[PDB]
Structures are given as C-alpha cells and as structure tokens.
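Colleague: Going by mature numbering (1 follows the signal peptide of the UniProt record, and there is no 0), the first residue of the sequence shown is number 4, and it counts up by one from there.
Can you read through this structure? Questions will come right after.
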Amino acid sequence: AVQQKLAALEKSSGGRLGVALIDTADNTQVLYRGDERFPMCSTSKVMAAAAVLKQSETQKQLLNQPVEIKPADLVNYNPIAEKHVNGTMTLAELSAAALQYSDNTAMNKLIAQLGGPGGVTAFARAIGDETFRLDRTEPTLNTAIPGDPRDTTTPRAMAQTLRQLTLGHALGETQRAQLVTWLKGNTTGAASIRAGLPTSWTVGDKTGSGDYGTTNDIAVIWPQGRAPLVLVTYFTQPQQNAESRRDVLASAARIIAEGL
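Dropping the structure here:
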C-alpha cells in the first residue's frame, strides 16, 4: 500500500519521486524508484562534509584550518560566506555553513579541499558507495537535467551511505558525532521530511533544491521510543523552471511514517 500511496503522490505531483527508507531496528527497506538516478543538488553537501571529516581523522588540526574567502569565490547563494569575504573561515565553519545553511561557497570550499568533485566521489567509493558521483561544483551541479548522470545518485545508495556516515562506521566516532550534530542543526528542513513526521521525533536532515523544480531531502530520524531511520526523498519535475515542491517531500515522509 505504501508503494501505491507513493505512486499516487508522484502522479498527483506531475513529477518523478524517489524514496528510500531504511528502518535500522530490523534493517527493513522501503523503496520507490530506489535504483533510479536523481540529481543530488545540495544533498551532496553531506558527502563533501563527511569527506572533510574523514580527512580530519588523519589530519588533526584540519577542521580548524582557515580558508580564504575572496570576493570572486562567492556564487549564487552565500548566506554565511558573504559575511567573511576578504577574511577566512575554518573548515569546521565552512562545513557547518554548507550543511546547516546550504551555503554554496562553503560547499565549493569543501570540494576544493578534497581536490575537486572527484575527491568527493573518491570518498564515496572508499566507504563502499559505488553509485554516487559528483562531477561539478556549485552552482552547475544543480542543473538537474533529465537523464544527465552528472551529480546524481539513487535513493537506495544514498540511504545506505547516510547510514554508514551517521549510524554506521564509515567515519570515526567523533567525526560521526560531529556530522550528526551538524545535520541536527539544519535550518532549512522544517517544510520537508520534518513537516510530514510526528513533531516529537528528532531529525537531522539536509535539503536540496535545483532546476527542473528539483526538491530533495535526506534525513536520519530518531523517533520517540524507537530505533533510528534513514529517509531520502528526491523529487524532480519535467520543466526547467518548475517551482519547488517541498510539500511533496513532506507528503512522502507522511506516507512512509504511517507505515512505521
């Protein structure tokens, strides 16, 4: 009934919906188009941040390293970086800004720290994620062009990776805790998965948004009284300037919750 409910939501929305739920109490999965590729957009900021966290396991003062923010470094959405122009931000501050405010300059700095998009993909591969690919920096990674494999992943692989990063051991203990702290402090997710879930649940999430009305969210969820969950929702639309449909992600989370 869950797959049918999700299919009906997709049909009503006019778009293409991808869902993956992992219930870690019993490791059950719920997927909808779970092996179809979707543009990741700013949800990629999770992987990049984790990759920097991974680097910091073997470079101890790495998170505290200042990075210079030049005027020319600013892109299309720089709510935090725009205040440190002609200054510096440490990698911890950049990671926090990327994850919790979706600052695209912060993301580009994280990518640069990793040696380019392929460094993020290389981190994905090193932790056993064989589907993720990051090809471009911000803002062009948000073009979300139908069928373009660049900067895409699948809901299933994204859910598994998010589990390894936040509940599994792809990262060291302190690094996993730091990533969880960052996700929990996200400021942009109130209207996405969170809006479809009971209000007493704790949620760490990362939203994303892009062209083709691309509207994404990936979350680790601690329900009241039960084992955590991973829920990824990737939504995209047929027209390039389509408006974001975050309510669709909320409705998918609501459907998925009623069956858990």
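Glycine is no exception: its CB is placed at the ideal position from the N, C-alpha and C atoms.
Going by C-alpha distance, which of 17, 30, 25 and 39 is nearest residue 155?
Modeller: Closest option to residue 155, Cα to Cα, is 39.
Colleague: For residue 2 and residue 18, which I take to be in contact (beta-carbon distance under 8 angstroms), what is that distance rounded to the nearest angstrom?
Modeller: Given a span of 4 to 263 for the chain in the structure shown, any question on residue 2 remains unanswerable.
Colleague: Residue 209 and residue 49 - do their beta-carbons sit closer together than 9 angstroms?
Modeller: Yes. Within cutoff.
Colleague: Pull up the distance between the alpha-carbon of residue 227 and that of residue 256, whole angstroms please.
Modeller: C-alpha separation (whole angstroms): 16 angstroms.
Colleague: Are three or more beta carbon pairs between the stretch 54–73 and the stretch 110–117 nearer than 8 angstroms?
Modeller: Contact between the stretch 54–73 and the stretch 110–117 is present, because at least three Cβ pairs lie under 8 angstroms.
Colleague: By Cβ distance, which residues of its chain are closer than 6 angstroms to residue 124, with the 5 residues on each side in sequence left out?
Modeller: Result list for residue 124: 136 and 137, in chain order.
Colleague: Under 8 angstroms: do the stretch 70–90 and the stretch 99–109 share three or more Cβ pairs, one atom per stretch?
Modeller: Yes, the stretch 70–90 is in contact with the stretch 99–109.
Colleague: Per the DSSP calculation, residue 136 is bridged to which residue(s)?
Modeller: Beta-bridge pairing links residue 136 to no other residue.
Colleague: Look at residue 223 and residue 165 and say whether their C-beta atoms are less than 9 angstroms apart.
Modeller: Contact flag set, yes.
Colleague: For residue 335, does the three-state DSSP call read helix, strand or coil?
Modeller: Look at the range of the chain in this structure, 4 to 263, and you will see that residue 335 is not part of it.
Colleague: For residue 59, collect the residues of the same chain with a Cβ closer than 6 angstroms to its Cβ; drop the 5 residues on either side in sequence, then sort them by chain order.
Modeller: Once the five neighbours on either side are set aside, the close Cβ partners of residue 59 are 65 and 66.
Colleague: Compare the Cα-Cα distances from residue 238 to each of 203, 99 and 251 and report the closest residue.
Modeller: With distances taken between Cα atoms, residue 238 lies closest to 251.
Colleague: Let me make sure I understand the geometry here. Which of 99, 214 and 263 has the alpha-carbon closest to that of residue 231?
Modeller: Of 99, 214 and 263, the residue nearest in Cα terms is 263.
Colleague: Just tell me which of 240, 244, 198 and 161 has its CA closest to the CA of residue 25.
Modeller: The shortest Cα separation from residue 25 among 240, 244, 198 and 161 belongs to 161.
Colleague: Grab the span of the beta strand (DSSP E) containing residue 77 for me, first residue to last.
Modeller: No beta strand (DSSP E) contains residue 77, which DSSP labels as neither H nor E.
Colleague: Which class does residue 216 belong to by DSSP, given the choice of helix, strand or coil?
Modeller: Three-state DSSP puts residue 216 in coil, outside helix and strand.
Colleague: Put residue 161 into one of helix, strand or coil per three-state DSSP.
Modeller: Note: residue 161 maps to helix in three-state DSSP.
Colleague: Considering only their Cβ atoms, is the gap separating residue 44 from residue 211 smaller than 9 angstroms?
Modeller: Contact flag set, yes.
Colleague: Is it right to say residue 96 is buried, meaning 16 or more other beta carbons lie within 10 angstroms of its own, or is it exposed?
Modeller: Counting Cβ neighbours within 10 Å, residue 96 comes out buried, since at least 16 surround it.
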